[PDB]
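Structure below is structure20.pdb: PDB, C-alpha atoms and all ligand atoms.
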ATOM      1  CA  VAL A   2     207.162 249.995 179.928
ATOM      2  CA  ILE A   3     204.617 250.589 182.693
ATOM      3  CA  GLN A   4     201.785 253.113 182.800
ATOM      4  CA  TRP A   5     201.262 254.424 186.297
ATOM      5  CA  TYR A   6     197.929 255.976 187.185
ATOM      6  CA  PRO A   7     196.210 255.979 190.596
ATOM      7  CA  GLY A   8     194.276 252.730 190.124
ATOM      8  CA  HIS A   9     197.315 250.896 188.810
ATOM      9  CA  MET A  10     199.277 252.130 191.852
ATOM     10  CA  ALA A  11     196.598 250.973 194.303
ATOM     11  CA  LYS A  12     196.490 247.605 192.554
ATOM     12  CA  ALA A  13     200.267 247.278 192.644
ATOM     13  CA  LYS A  14     200.421 248.091 196.355
ATOM     14  CA  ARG A  15     197.601 245.681 197.178
ATOM     15  CA  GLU A  16     199.049 242.831 195.119
ATOM     16  CA  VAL A  17     202.629 243.184 196.329
ATOM     17  CA  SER A  18     201.513 243.335 199.990
ATOM     18  CA  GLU A  19     199.457 240.196 199.369
ATOM     19  CA  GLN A  20     202.420 238.371 197.763
ATOM     20  CA  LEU A  21     204.634 239.526 200.683
ATOM     21  CA  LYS A  22     202.405 237.669 203.087
ATOM     22  CA  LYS A  23     203.620 234.360 201.534
ATOM     23  CA  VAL A  24     207.346 234.929 202.136
ATOM     24  CA  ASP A  25     209.940 234.896 204.912
ATOM     25  CA  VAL A  26     212.240 237.431 203.318
ATOM     26  CA  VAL A  27     211.934 240.145 200.669
ATOM     27  CA  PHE A  28     214.662 241.035 198.175
ATOM     28  CA  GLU A  29     214.399 244.774 197.498
ATOM     29  CA  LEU A  30     216.229 245.254 194.196
ATOM     30  CA  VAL A  31     217.741 248.711 193.602
ATOM     31  CA  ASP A  32     220.018 250.197 190.965
ATOM     32  CA  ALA A  33     223.612 250.305 192.323
ATOM     33  CA  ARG A  34     224.004 253.533 190.340
ATOM     34  CA  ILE A  35     221.290 255.079 192.533
ATOM     35  CA  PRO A  36     220.715 252.811 195.546
ATOM     36  CA  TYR A  37     218.490 255.349 197.263
ATOM     37  CA  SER A  38     216.768 257.229 194.401
ATOM     38  CA  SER A  39     215.754 253.961 192.672
ATOM     39  CA  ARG A  40     213.589 252.969 195.661
ATOM     40  CA  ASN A  41     209.823 253.014 195.748
ATOM     41  CA  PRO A  42     208.713 255.978 197.953
ATOM     42  CA  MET A  43     206.393 253.720 199.935
ATOM     43  CA  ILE A  44     208.704 250.704 200.060
ATOM     44  CA  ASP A  45     208.923 250.550 203.883
ATOM     45  CA  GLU A  46     205.116 250.608 204.328
ATOM     46  CA  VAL A  47     204.679 247.866 201.733
ATOM     47  CA  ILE A  48     207.462 245.680 203.175
ATOM     48  CA  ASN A  49     206.285 246.351 206.756
ATOM     49  CA  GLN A  50     209.278 245.064 208.761
ATOM     50  CA  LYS A  51     209.673 241.826 206.766
ATOM     51  CA  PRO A  52     213.300 240.582 206.906
ATOM     52  CA  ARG A  53     214.987 242.366 204.045
ATOM     53  CA  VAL A  54     217.866 241.732 201.697
ATOM     54  CA  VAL A  55     218.729 244.879 199.734
ATOM     55  CA  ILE A  56     220.234 243.897 196.398
ATOM     56  CA  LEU A  57     222.279 246.587 194.640
ATOM     57  CA  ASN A  58     222.103 245.342 191.050
ATOM     58  CA  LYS A  59     224.176 246.549 188.046
ATOM     59  CA  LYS A  60     227.227 246.870 190.278
ATOM     60  CA  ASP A  61     229.304 246.589 187.061
ATOM     61  CA  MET A  62     227.979 250.035 186.043
ATOM     62  CA  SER A  63     228.568 251.795 189.357
ATOM     63  CA  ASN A  64     231.222 252.958 191.772
ATOM     64  CA  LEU A  65     232.050 250.576 194.597
ATOM     65  CA  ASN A  66     233.224 253.113 197.104
ATOM     66  CA  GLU A  67     230.000 255.071 196.771
ATOM     67  CA  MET A  68     227.992 251.855 196.891
ATOM     68  CA  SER A  69     229.698 250.935 200.144
ATOM     69  CA  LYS A  70     228.404 254.141 201.732
ATOM     70  CA  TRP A  71     224.889 253.122 200.711
ATOM     71  CA  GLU A  72     225.439 249.559 201.992
ATOM     72  CA  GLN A  73     226.448 251.049 205.341
ATOM     73  CA  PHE A  74     223.220 253.057 205.255
ATOM     74  CA  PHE A  75     221.117 249.920 204.644
ATOM     75  CA  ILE A  76     223.023 248.062 207.344
ATOM     76  CA  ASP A  77     222.170 250.820 209.820
ATOM     77  CA  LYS A  78     218.468 250.298 208.947
ATOM     78  CA  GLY A  79     218.751 246.597 209.809
ATOM     79  CA  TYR A  80     218.780 245.317 206.248
ATOM     80  CA  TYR A  81     221.199 242.943 204.578
ATOM     81  CA  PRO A  82     222.684 244.642 201.531
ATOM     82  CA  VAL A  83     224.517 242.761 198.761
ATOM     83  CA  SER A  84     225.702 243.913 195.347
ATOM     84  CA  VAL A  85     225.397 241.877 192.169
ATOM     85  CA  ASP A  86     225.687 241.865 188.395
ATOM     86  CA  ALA A  87     222.513 240.008 187.439
ATOM     87  CA  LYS A  88     223.250 240.258 183.720
ATOM     88  CA  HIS A  89     226.790 238.881 183.634
ATOM     89  CA  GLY A  90     226.117 236.493 186.442
ATOM     90  CA  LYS A  91     228.588 237.942 188.912
ATOM     91  CA  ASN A  92     228.301 237.155 192.621
ATOM     92  CA  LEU A  93     224.865 235.483 192.716
ATOM     93  CA  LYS A  94     225.523 232.851 195.424
ATOM     94  CA  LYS A  95     225.469 235.670 197.974
ATOM     95  CA  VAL A  96     221.761 236.154 197.475
ATOM     96  CA  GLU A  97     220.867 232.849 199.166
ATOM     97  CA  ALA A  98     223.551 233.499 201.775
ATOM     98  CA  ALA A  99     222.080 236.894 202.591
ATOM     99  CA  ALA A 100     218.609 235.408 202.779
ATOM    100  CA  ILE A 101     219.852 232.820 205.289
ATOM    101  CA  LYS A 102     221.315 235.541 207.479
ATOM    102  CA  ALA A 103     218.263 237.818 207.254
ATOM    103  CA  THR A 104     215.887 235.073 208.409
ATOM    104  CA  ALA A 105     218.282 233.468 210.882
ATOM    105  CA  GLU A 106     216.492 234.777 213.977
ATOM    106  CA  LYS A 107     213.082 233.667 212.772
ATOM    107  CA  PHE A 108     214.289 230.125 212.080
ATOM    108  CA  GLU A 109     216.284 229.900 215.316
ATOM    109  CA  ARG A 110     213.093 230.652 217.218
ATOM    110  CA  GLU A 111     211.236 228.095 215.110
ATOM    111  CA  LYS A 112     213.912 225.479 215.925
ATOM    112  CA  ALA A 113     213.636 226.346 219.622
ATOM    113  CA  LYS A 114     209.879 225.712 219.426
ATOM    114  CA  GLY A 115     210.514 222.300 217.869
ATOM    115  CA  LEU A 116     209.484 222.989 214.276
ATOM    116  CA  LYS A 117     210.967 221.133 211.319
ATOM    117  CA  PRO A 118     213.565 223.067 209.282
ATOM    118  CA  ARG A 119     212.338 224.210 205.868
ATOM    119  CA  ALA A 120     213.174 226.079 202.662
ATOM    120  CA  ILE A 121     213.270 229.866 202.885
ATOM    121  CA  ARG A 122     210.592 231.603 200.840
ATOM    122  CA  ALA A 123     211.545 234.817 199.124
ATOM    123  CA  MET A 124     210.293 237.297 196.587
ATOM    124  CA  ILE A 125     211.908 240.143 194.647
ATOM    125  CA  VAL A 126     210.394 243.636 194.755
ATOM    126  CA  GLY A 127     211.372 246.906 193.060
ATOM    127  CA  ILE A 128     210.714 249.665 190.514
ATOM    128  CA  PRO A 129     210.738 248.936 186.744
ATOM    129  CA  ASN A 130     214.052 248.246 184.958
ATOM    130  CA  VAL A 131     216.282 247.609 188.006
ATOM    131  CA  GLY A 132     216.875 244.050 186.766
ATOM    132  CA  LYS A 133     214.185 241.940 188.472
ATOM    133  CA  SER A 134     213.370 239.563 185.611
ATOM    134  CA  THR A 135     217.078 239.309 184.730
ATOM    135  CA  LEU A 136     217.891 238.321 188.305
ATOM    136  CA  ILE A 137     215.007 235.816 188.477
ATOM    137  CA  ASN A 138     216.032 234.203 185.168
ATOM    138  CA  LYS A 139     219.659 234.034 186.257
ATOM    139  CA  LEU A 140     218.806 232.451 189.626
ATOM    140  CA  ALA A 141     216.521 229.889 187.959
ATOM    141  CA  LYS A 142     219.158 229.075 185.308
ATOM    142  CA  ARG A 143     216.416 229.320 182.633
ATOM    143  CA  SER A 144     214.117 231.916 181.050
ATOM    144  CA  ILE A 145     210.941 232.421 183.100
ATOM    145  CA  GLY A 149     200.754 231.197 179.866
ATOM    146  CA  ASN A 150     202.296 230.828 176.458
ATOM    147  CA  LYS A 151     199.026 230.038 174.738
ATOM    148  CA  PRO A 152     197.196 233.323 174.054
ATOM    149  CA  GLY A 153     194.449 233.788 176.651
ATOM    150  CA  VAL A 154     195.969 231.307 179.091
ATOM    151  CA  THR A 155     196.907 232.778 182.457
ATOM    152  CA  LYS A 156     200.326 232.095 184.008
ATOM    153  CA  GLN A 157     200.187 230.924 187.601
ATOM    154  CA  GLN A 158     202.877 232.116 190.034
ATOM    155  CA  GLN A 159     205.388 229.423 190.958
ATOM    156  CA  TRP A 160     208.307 228.775 193.300
ATOM    157  CA  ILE A 161     211.825 228.379 191.903
ATOM    158  CA  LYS A 162     214.280 226.226 193.753
ATOM    159  CA  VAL A 163     217.412 228.258 194.273
ATOM    160  CA  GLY A 164     220.441 226.717 195.840
ATOM    161  CA  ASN A 165     219.997 224.534 198.872
ATOM    162  CA  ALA A 166     217.833 226.646 201.176
ATOM    163  CA  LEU A 167     215.817 229.038 199.001
ATOM    164  CA  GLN A 168     212.424 229.047 197.282
ATOM    165  CA  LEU A 169     211.957 232.117 195.107
ATOM    166  CA  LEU A 170     208.594 233.386 193.854
ATOM    167  CA  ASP A 171     209.015 233.480 190.052
ATOM    168  CA  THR A 172     207.123 236.768 189.707
ATOM    169  CA  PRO A 173     208.525 240.081 190.993
ATOM    170  CA  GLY A 174     206.410 242.658 192.790
ATOM    171  CA  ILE A 175     206.589 245.781 190.642
ATOM    172  CA  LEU A 176     206.268 249.180 192.330
ATOM    173  CA  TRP A 177     206.418 252.759 191.061
ATOM    174  CA  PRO A 178     209.422 255.075 191.225
ATOM    175  CA  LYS A 179     209.662 258.292 193.181
ATOM    176  CA  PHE A 180     207.741 260.952 191.225
ATOM    177  CA  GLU A 181     207.601 264.014 193.463
ATOM    178  CA  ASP A 182     211.146 265.328 193.138
ATOM    179  CA  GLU A 183     212.776 266.837 190.034
ATOM    180  CA  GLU A 184     216.396 265.930 190.888
ATOM    181  CA  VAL A 185     215.318 262.319 191.536
ATOM    182  CA  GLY A 186     213.526 262.554 188.184
ATOM    183  CA  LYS A 187     216.825 263.492 186.572
ATOM    184  CA  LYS A 188     218.729 260.680 188.294
ATOM    185  CA  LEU A 189     216.096 258.157 187.214
ATOM    186  CA  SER A 190     216.154 259.411 183.662
ATOM    187  CA  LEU A 191     219.991 259.249 183.584
ATOM    188  CA  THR A 192     219.949 255.596 184.575
ATOM    189  CA  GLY A 193     217.111 254.840 182.171
ATOM    190  CA  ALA A 194     214.696 253.806 184.943
ATOM    191  CA  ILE A 195     212.218 256.226 183.424
ATOM    192  CA  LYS A 196     212.474 256.664 179.641
ATOM    193  CA  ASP A 197     209.301 258.672 179.849
ATOM    194  CA  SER A 198     208.437 262.355 179.411
ATOM    195  CA  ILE A 199     207.662 265.232 181.831
ATOM    196  CA  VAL A 200     211.338 265.649 182.701
ATOM    197  CA  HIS A 201     212.964 267.665 179.939
ATOM    198  CA  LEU A 202     215.813 265.766 178.265
ATOM    199  CA  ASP A 203     217.896 268.905 177.845
ATOM    200  CA  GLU A 204     217.808 269.385 181.635
ATOM    201  CA  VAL A 205     218.611 265.711 182.201
ATOM    202  CA  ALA A 206     221.609 266.103 179.885
ATOM    203  CA  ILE A 207     222.685 269.296 181.704
ATOM    204  CA  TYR A 208     222.458 267.508 185.035
ATOM    205  CA  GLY A 209     224.527 264.573 183.697
ATOM    206  CA  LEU A 210     227.204 266.781 182.196
ATOM    207  CA  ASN A 211     227.475 268.791 185.397
ATOM    208  CA  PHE A 212     227.785 265.558 187.407
ATOM    209  CA  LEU A 213     230.643 264.476 185.152
ATOM    210  CA  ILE A 214     232.312 267.882 185.186
ATOM    211  CA  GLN A 215     232.321 267.846 189.005
ATOM    212  CA  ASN A 216     233.257 264.172 189.484
ATOM    213  CA  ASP A 217     235.244 262.883 186.480
ATOM    214  CA  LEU A 218     236.296 265.855 184.327
ATOM    215  CA  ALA A 219     239.375 264.332 182.688
ATOM    216  CA  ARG A 220     237.376 261.250 181.723
ATOM    217  CA  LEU A 221     234.620 263.324 180.114
ATOM    218  CA  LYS A 222     237.156 265.280 178.117
ATOM    219  CA  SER A 223     239.169 262.264 176.982
ATOM    220  CA  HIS A 224     236.008 260.375 176.082
ATOM    221  CA  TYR A 225     234.720 263.027 173.700
ATOM    222  CA  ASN A 226     238.252 264.187 172.849
ATOM    223  CA  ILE A 227     237.416 267.783 173.750
ATOM    224  CA  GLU A 228     238.940 270.565 175.847
ATOM    225  CA  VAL A 229     236.650 273.236 177.256
ATOM    226  CA  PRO A 230     237.385 276.515 179.109
ATOM    227  CA  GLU A 231     236.695 276.045 182.823
ATOM    228  CA  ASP A 232     234.782 279.322 182.978
ATOM    229  CA  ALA A 233     232.570 278.413 180.018
ATOM    230  CA  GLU A 234     228.857 277.847 180.640
ATOM    231  CA  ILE A 235     227.328 274.438 180.065
ATOM    232  CA  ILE A 236     226.190 275.349 176.540
ATOM    233  CA  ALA A 237     229.877 275.358 175.477
ATOM    234  CA  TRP A 238     230.048 271.686 176.420
ATOM    235  CA  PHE A 239     227.120 270.792 174.172
ATOM    236  CA  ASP A 240     228.800 272.865 171.449
ATOM    237  CA  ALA A 241     232.269 271.310 171.809
ATOM    238  CA  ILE A 242     230.803 267.799 171.764
ATOM    239  CA  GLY A 243     228.508 268.599 168.839
ATOM    240  CA  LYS A 244     231.328 270.164 166.848
ATOM    241  CA  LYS A 245     233.781 267.340 167.517
ATOM    242  CA  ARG A 246     231.183 264.710 166.578
ATOM    243  CA  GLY A 247     229.929 266.668 163.581
ATOM    244  CA  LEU A 248     226.421 266.748 165.001
ATOM    245  CA  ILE A 249     225.499 269.889 163.069
ATOM    246  CA  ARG A 250     222.584 271.247 161.025
ATOM    247  CA  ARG A 251     221.800 274.267 158.815
ATOM    248  CA  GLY A 252     225.426 274.997 157.902
ATOM    249  CA  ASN A 253     227.332 274.807 161.198
ATOM    250  CA  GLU A 254     224.678 275.304 163.866
ATOM    251  CA  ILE A 255     224.695 272.671 166.606
ATOM    252  CA  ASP A 256     222.103 269.911 166.469
ATOM    253  CA  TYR A 257     221.297 270.078 170.168
ATOM    254  CA  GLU A 258     218.669 267.332 170.066
ATOM    255  CA  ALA A 259     221.337 264.965 168.718
ATOM    256  CA  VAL A 260     223.960 266.083 171.228
ATOM    257  CA  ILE A 261     221.486 265.632 174.098
ATOM    258  CA  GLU A 262     220.543 262.151 172.883
ATOM    259  CA  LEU A 263     224.229 261.185 172.584
ATOM    260  CA  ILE A 264     225.042 262.417 176.109
ATOM    261  CA  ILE A 265     222.029 260.623 177.607
ATOM    262  CA  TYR A 266     222.880 257.395 175.745
ATOM    263  CA  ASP A 267     226.525 257.509 176.892
ATOM    264  CA  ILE A 268     225.614 258.118 180.527
ATOM    265  CA  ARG A 269     222.794 255.501 180.581
ATOM    266  CA  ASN A 270     225.002 252.822 179.070
ATOM    267  CA  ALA A 271     228.123 253.586 181.112
ATOM    268  CA  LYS A 272     230.083 254.473 177.970
ATOM    269  CA  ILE A 273     232.050 257.184 179.817
ATOM    270  CA  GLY A 274     232.472 255.557 183.192
ATOM    271  CA  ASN A 275     230.902 253.671 186.067
ATOM    272  CA  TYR A 276     229.234 256.148 188.392
ATOM    273  CA  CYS A 277     226.996 256.221 191.393
ATOM    274  CA  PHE A 278     224.803 259.334 191.052
ATOM    275  CA  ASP A 279     223.426 259.187 194.599
ATOM    276  CA  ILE A 280     226.229 261.084 196.380
ATOM    277  CA  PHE A 281     225.752 260.040 199.994
ATOM    278  CA  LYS A 282     227.413 263.052 201.638
ATOM    279  CA  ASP A 283     225.391 265.428 199.433
ATOM    280  CA  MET A 284     222.083 263.801 200.374
ATOM    281  CA  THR A 285     222.261 264.301 204.138
ATOM    282  CA  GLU A 286     219.226 266.581 204.371
ATOM    283  CA  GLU A 287     217.083 264.421 202.089
ATOM    284  CA  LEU A 288     217.931 261.372 204.225
ATOM    285  CA  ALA A 289     217.039 263.336 207.379
ATOM    286  CA  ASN A 290     213.670 264.373 205.939
ATOM    287  CA  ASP A 291     212.793 260.860 204.780
ATOM    288  CA  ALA A 292     213.942 259.185 207.988
ATOM    289  CA  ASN A 293     211.625 259.660 210.911
ATOM    290  CA  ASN A 294     208.558 258.240 209.201
TER     291      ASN A 294
HETATM  292  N1  LIG B 301     224.923 246.052 182.836
HETATM  293  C1  LIG B 301     223.861 245.408 183.566
HETATM  294  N2  LIG B 301     222.612 245.385 183.074
HETATM  295  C2  LIG B 301     221.577 244.809 183.679
HETATM  296  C3  LIG B 301     221.783 244.161 184.939
HETATM  297  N3  LIG B 301     220.417 243.651 185.276
HETATM  298  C4  LIG B 301     219.622 244.045 184.226
HETATM  299  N4  LIG B 301     220.340 244.642 183.439
HETATM  300  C5  LIG B 301     219.772 245.164 182.263
HETATM  301  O1  LIG B 301     218.881 246.272 182.643
HETATM  302  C6  LIG B 301     217.674 246.227 181.809
HETATM  303  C7  LIG B 301     216.471 246.012 182.672
HETATM  304  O2  LIG B 301     216.479 244.628 183.085
HETATM  305  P1  LIG B 301     215.131 243.911 183.560
HETATM  306  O3  LIG B 301     215.418 242.568 184.108
HETATM  307  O4  LIG B 301     214.199 243.622 182.432
HETATM  308  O5  LIG B 301     214.456 244.851 184.660
HETATM  309  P2  LIG B 301     213.040 244.678 185.378
HETATM  310  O6  LIG B 301     212.043 245.642 184.860
HETATM  311  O7  LIG B 301     213.167 245.111 186.811
HETATM  312  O8  LIG B 301     212.561 243.184 185.289
HETATM  313  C8  LIG B 301     217.854 245.065 180.910
HETATM  314  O9  LIG B 301     218.310 245.519 179.621
HETATM  315  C9  LIG B 301     218.884 244.222 181.547
HETATM  316  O10 LIG B 301     219.590 243.515 180.509
HETATM  317  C10 LIG B 301     223.087 244.181 185.476
HETATM  318  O11 LIG B 301     223.310 243.660 186.553
HETATM  319  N5  LIG B 301     224.124 244.805 184.781
END
Output the file's structure as structure tokens, nothing else.
Amino acid sequence: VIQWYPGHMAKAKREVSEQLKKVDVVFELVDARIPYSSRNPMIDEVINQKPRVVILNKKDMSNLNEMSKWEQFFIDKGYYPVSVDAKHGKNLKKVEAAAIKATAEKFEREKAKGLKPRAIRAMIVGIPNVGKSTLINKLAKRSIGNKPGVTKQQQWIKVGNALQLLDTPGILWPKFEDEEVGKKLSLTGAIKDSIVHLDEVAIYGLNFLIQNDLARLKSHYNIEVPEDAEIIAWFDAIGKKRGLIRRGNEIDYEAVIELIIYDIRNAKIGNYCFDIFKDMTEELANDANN
């Protein structure tokens, strides 16, 4: 868990920019469930045109077709997007491959100038909980000061044939300013922190599922709900079917909310991408010119 406050943010920006000076390529790690909303709002100013591999992690918990629309988006920005499952170790060899492609022009011009070939230096950057330390551990094939009061120095990890990876990720803050992004981040568990009401997060999640995977929602909770019912009827049908009740047969809404949030966060109902590309056209247009 990370506590953001202005000074911590300024320190994070400073330190990540500094680390970025030591590398050839940056791996921006995002959640495949929200490839756009799980980005740091200042990521392009921090990265500052450094060759970029965008890694869509937790692909196992998302929708591939939707992810492909985001990959196309990143491609159009001049980045090299790849999707992985860092936890279950699926598709990792493509990280090095992507790095080689992203830095190919730099190293071609070095070879033209008569410089010796050399290992690619990379670092991973992203918001909390997108899977940075998981990915680093997996790429090192080992868990990455162990005496109290002894300070860890940053080190390079040999990865594959061509890649040196900084063993310490740059950690940046999530988008804060927008309430729908707040809900998306809470639904993926990127922020398990207050000042976004859980009941509203649960409502958002349920509505997402009603619109995009209604049969699955119903079969998962084994419920059937009138299509003209308001969202409260969904909380009630779930609560009643699961016996989440209190004070006779009133619905324990806190418990229903927690169950819905848990099931969406842990992909118990399905594998969804909550950044719907075609619904985010205006947001993308606003963010773009910068
Ligand atoms: N299902 C799944 N879980 C993942 C993946 N990468 C990380 N996780 C899990 O997501 C949580 C956050 O991972 P973590 O590496 O600590 O994120 P970090 O804050 O960016 O270093 C952990 O519980 C991981 O086990 C993935 O690719 N698939």
Answer key for the PyMOL selection byres (((chain A and resi 33) around 8) and not hetatm), residues as number ranges by chain: A: 31-32, 34-36, 57-60, 62-63, 68, 84, 277
Contacts of ligand LIG 301 (chain B), 6 Å or closer, all atoms listed in the file, given as a PyMOL selection string: chain A and resi 58-59+61-62+86-88+129-135
Give me the residues near residue A:103 as a compact mmCIF listing (two decimals) with C-alpha atoms, keeping the file's coordinate frame, where near means some atom within 9 Å (using only C-alpha atoms) and where sequence neighbours in that chain fewer than 5 positions away do not count.
# COMPACT_ATOMS: atom_id res chain seq x y z
CA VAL A 26 212.24 237.43 203.32
CA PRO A 52 213.30 240.58 206.91
CA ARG A 53 214.99 242.37 204.04
CA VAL A 54 217.87 241.73 201.70
CA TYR A 80 218.78 245.32 206.25
CA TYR A 81 221.20 242.94 204.58
CA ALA A 98 223.55 233.50 201.78
Residue members of the PyMOL selection byres (((chain A and resi 64) around 6) and not hetatm) in the file shown, as a list in words: residues 63, 65, 66, 67, 275, 276 and 277 of chain A
Hits of the PyMOL selection byres (((chain A and resi 172) around 12) and not hetatm) in this structure, as an NGL selection string: :A and (16-17 or 20-21 or 123-127 or 133-138 or 141 or 145 or 156-161 or 169-171 or 173-175)
Output file for the selection above: C-alpha atoms, as a JSON list (two decimals), in the frame of the given file:
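That gives us again_35.json:
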[["chain", "number", "residue", "atom", "x", "y", "z"],
["A", 16, "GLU", "CA", 199.05, 242.83, 195.12],
["A", 17, "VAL", "CA", 202.63, 243.18, 196.33],
["A", 20, "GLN", "CA", 202.42, 238.37, 197.76],
["A", 21, "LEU", "CA", 204.63, 239.53, 200.68],
["A", 123, "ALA", "CA", 211.54, 234.82, 199.12],
["A", 124, "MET", "CA", 210.29, 237.30, 196.59],
["A", 125, "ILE", "CA", 211.91, 240.14, 194.65],
["A", 126, "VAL", "CA", 210.39, 243.64, 194.76],
["A", 127, "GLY", "CA", 211.37, 246.91, 193.06],
["A", 133, "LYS", "CA", 214.18, 241.94, 188.47],
["A", 134, "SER", "CA", 213.37, 239.56, 185.61],
["A", 135, "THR", "CA", 217.08, 239.31, 184.73],
["A", 136, "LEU", "CA", 217.89, 238.32, 188.30],
["A", 137, "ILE", "CA", 215.01, 235.82, 188.48],
["A", 138, "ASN", "CA", 216.03, 234.20, 185.17],
["A", 141, "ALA", "CA", 216.52, 229.89, 187.96],
["A", 145, "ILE", "CA", 210.94, 232.42, 183.10],
["A", 156, "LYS", "CA", 200.33, 232.10, 184.01],
["A", 157, "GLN", "CA", 200.19, 230.92, 187.60],
["A", 158, "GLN", "CA", 202.88, 232.12, 190.03],
["A", 159, "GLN", "CA", 205.39, 229.42, 190.96],
["A", 160, "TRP", "CA", 208.31, 228.78, 193.30],
["A", 161, "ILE", "CA", 211.82, 228.38, 191.90],
["A", 169, "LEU", "CA", 211.96, 232.12, 195.11],
["A", 170, "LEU", "CA", 208.59, 233.39, 193.85],
["A", 171, "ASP", "CA", 209.02, 233.48, 190.05],
["A", 173, "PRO", "CA", 208.52, 240.08, 190.99],
["A", 174, "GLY", "CA", 206.41, 242.66, 192.79],
["A", 175, "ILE", "CA", 206.59, 245.78, 190.64]]
Nearby residues (all atoms listed in the file) at most 10 Å from residue A:185, same-chain spacing under 6 positions excluded, as a VMD selection string: chain A and resid 35 37 to 39 178 to 179 191 278 to 279
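The point (218.3, 268.1, 179.6) has these residues within 10 Å of it, counting all atoms listed in the file: residues 187, 190, 191, 200, 201, 202, 203, 204, 205, 206, 207, 208, 209, 210, 258, 261, 262, 264 and 265 of chain A.
Proximity ranking of A:236, A:154, A:177, A:122 relative to residue A:194 places A:177 first, based on all atoms listed in the file.
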Contacts of residue A:118 at 9 Å (all atoms listed in the file; same-chain gap of 6+ positions) as a PyMOL selection string: chain A and resi 108+111-112
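Distance annotation: of A:8, A:291, A:269, A:76, the residue with the minimal separation from residue A:195 is A:269; atom set is only C-alpha atoms.
For the pair atom CA of residue A:120 and atom CA of residue A:162, the interatomic distance is 9.0 Å.
In this model, the gap between atom CA of residue A:107 and atom CA of residue A:49 comes to 15.6 Å.
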Close residues, residue A:218 itself excluded, 12 Å, only C-alpha atoms, min 3 positions apart in chain, as a PyMOL selection string: chain A and resi 209-215+221-231+238+273-274
How big is the axis-aligned box around all listed atoms of stretch 143-153 of chain A once 8 Å goes on each side, and where's its centre, in Å to one decimal, as lines of an AutoDock Vina configuration file?
center_x = 205.4
center_y = 231.6
center_z = 178.6
size_x = 38.0
size_y = 20.5
size_z = 25.0
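Distance-wise, atom CA of residue A:42 and atom CA of residue A:11 end up 13.6 Å apart.
The residues that lie within 12 Å of the point (224.8, 263.4, 167.8), counting all atoms listed in the file, are residues 225, 239, 240, 241, 242, 243, 244, 245, 246, 247, 248, 249, 250, 255, 256, 257, 258, 259, 260, 261, 262, 263, 264, 265, 266 and 267 of chain A.
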Starting from the incomplete input, reconstruct N, CA and C atoms of stretch 141-156 of chain A and write that as a JSON list (two decimals), in the coordinates of the input.
[["chain", "number", "residue", "atom", "x", "y", "z"],
["A", 141, "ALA", "N", 217.20, 231.13, 188.35],
["A", 141, "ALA", "CA", 216.52, 229.89, 187.96],
["A", 141, "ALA", "C", 217.37, 229.05, 187.01],
["A", 142, "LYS", "N", 218.36, 229.68, 186.38],
["A", 142, "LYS", "CA", 219.16, 229.08, 185.31],
["A", 142, "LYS", "C", 218.30, 228.67, 184.10],
["A", 143, "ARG", "N", 217.34, 229.53, 183.75],
["A", 143, "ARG", "CA", 216.42, 229.32, 182.63],
["A", 143, "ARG", "C", 215.58, 230.59, 182.47],
["A", 144, "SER", "N", 215.05, 230.81, 181.27],
["A", 144, "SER", "CA", 214.12, 231.92, 181.05],
["A", 144, "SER", "C", 212.73, 231.64, 181.64],
["A", 145, "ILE", "N", 212.27, 232.53, 182.51],
["A", 145, "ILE", "CA", 210.94, 232.42, 183.10],
["A", 145, "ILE", "C", 209.95, 233.29, 182.33],
["A", 149, "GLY", "N", 201.38, 232.16, 180.75],
["A", 149, "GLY", "CA", 200.75, 231.20, 179.87],
["A", 149, "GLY", "C", 201.26, 231.50, 178.48],
["A", 150, "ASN", "N", 201.63, 230.49, 177.70],
["A", 150, "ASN", "CA", 202.30, 230.83, 176.46],
["A", 150, "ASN", "C", 201.25, 230.70, 175.35],
["A", 151, "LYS", "N", 200.18, 229.97, 175.63],
["A", 151, "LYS", "CA", 199.03, 230.04, 174.74],
["A", 151, "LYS", "C", 198.34, 231.39, 174.96],
["A", 152, "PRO", "N", 197.99, 232.10, 173.88],
["A", 152, "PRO", "CA", 197.20, 233.32, 174.05],
["A", 152, "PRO", "C", 195.91, 233.05, 174.85],
["A", 153, "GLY", "N", 195.64, 233.91, 175.83],
["A", 153, "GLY", "CA", 194.45, 233.79, 176.65],
["A", 153, "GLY", "C", 194.57, 232.82, 177.81],
["A", 154, "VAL", "N", 195.75, 232.23, 177.98],
["A", 154, "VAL", "CA", 195.97, 231.31, 179.09],
["A", 154, "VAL", "C", 196.80, 232.02, 180.14],
["A", 155, "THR", "N", 196.31, 232.01, 181.38],
["A", 155, "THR", "CA", 196.91, 232.78, 182.46],
["A", 155, "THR", "C", 197.96, 232.00, 183.26],
["A", 156, "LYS", "N", 199.20, 232.48, 183.16],
["A", 156, "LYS", "CA", 200.33, 232.10, 184.01],
["A", 156, "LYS", "C", 200.01, 232.04, 185.50]]
